[PDB]
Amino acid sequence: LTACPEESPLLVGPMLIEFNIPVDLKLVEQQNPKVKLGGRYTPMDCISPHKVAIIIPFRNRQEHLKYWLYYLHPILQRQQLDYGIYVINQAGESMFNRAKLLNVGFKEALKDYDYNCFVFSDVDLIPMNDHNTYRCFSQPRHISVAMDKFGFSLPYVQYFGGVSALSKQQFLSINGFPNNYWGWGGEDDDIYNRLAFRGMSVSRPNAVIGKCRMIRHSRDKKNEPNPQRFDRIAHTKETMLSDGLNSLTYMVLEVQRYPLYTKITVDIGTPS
């Protein structure tokens, strides 16, 4: 067999995304027999050059995950990706740390396979068009560009939150993501600043192809707006050198392999 075509002949284009009908993961597994334990999938038809680890920051979002899994596994297989799903679960009840959990995901995914691409995705975002490929490009890729939450429009040209994809090199080049952003907001802007400082621009599909739905939800306690976010964003240039993959420390408390995904529970410390 040979390399997969540049564009998958399986894509269906736009799709209807709804969060009404309840999900049955057993049903989901049944409908995705090709996905192996831990949520691993490798095309049989051809050889894909995109070895993608999809990383999801997580804490108490099981219901959201079911929907995520329900919609993404079919899409990702259609996209002919050699992928793996990783739910990085934060142990304890201290302030939530999205970016730190993403760094953990990167480190841990690499123990399982020779991944060359990493998609970081909030547990509650679903893409409405399978042409929006969950893989990496020549430049950092911003995937959730037109979210129904922001009225299907990018909130600002520098916005990098929601769903993004960075090749292993792009990620390495910025010393990964920050570990010091506790609580809600700002970490995506910090990451945006790092990519720019390292001379990268953000690649995005147009706003029609990039439509995504976000499951509606209230704010989580322990993830309240971080009061220091704006001051932190102003110093990225100096802090990215010392706060990133090179200063990441954490403890693994449990590794769970489910047929649809790998759930890694970690203790990542507290606001220092």
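The numbering used is simple: start at 1 and walk along the sequence shown.
Averaged over CA atoms, B-factors in the entry run higher in 16-24 than in the other of 253-261 and 16-24. Two stretches are in play, 26-34 and 199-207, and the higher mean C-alpha B-factor belongs to 26-34. When the C-alpha B factors of 187, 130, 124, 93 are read from the deposited coordinates, the top value falls at 93. In this PDB entry, residue 111 carries a Cα temperature factor that places it within the highest third of its chain's modelled residues.
The entry lists a Cα temperature factor for residue 142 that places it in the lowest third of the chain's modelled residues. Ranked by C-alpha B-factor against the other modelled residues of its chain, residue 89 falls in the lowest third. Remark: residue 80 belongs to the highest third of its chain, ranked by C-alpha B-factor as recorded. Among all modelled residues in this chain, the alpha-carbon of residue 227 has a temperature factor (C-alpha) in the highest third.
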